[PDB]
């Protein structure tokens, strides 16, 4: 709902933008949920940031998988890219690669060259579904 969301991002720099993009991706991707949770920065501090967490559908060789991810929105959003992770369940393992480290953090050209209004969440997820579709970031263990 537009109301509950507006309250979550109370302490955001650009709330009107952040919510409208948020509403759009949650609509299109029914299984991504907005959530508050403390993020720990490189310095050691903890701000309470919104986290679009859930799964996205990703075709991989004839089969569609629900790849689990985390999209951390900084409070300066949309003028900085989200901080993106894959969130492997305990039965999955992270496939390390060019776009993924062992902590599950995602690295993409789209994130690097992020620029508002040129870039937004919907665009990022579109790209993700392509990158993971070619090279899955997570695999299920035997």
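Positions refer to the first chain, counted from 1.
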For the stretches 7 to 15 and 125 to 133, which has the higher mean C-alpha B-factor as given in the deposited record? 7 to 15
Taking the mean of the C-alpha B-factors per stretch from the entry, tell me the winner out of 41 to 49 and 80 to 88. 41 to 49
Report the option among 62, 104, 68, 97 whose CA atom has the maximum B-factor in the deposited record. 62
Which one of 36, 73, 58, 111 shows the top CA temperature factor in the record? 36
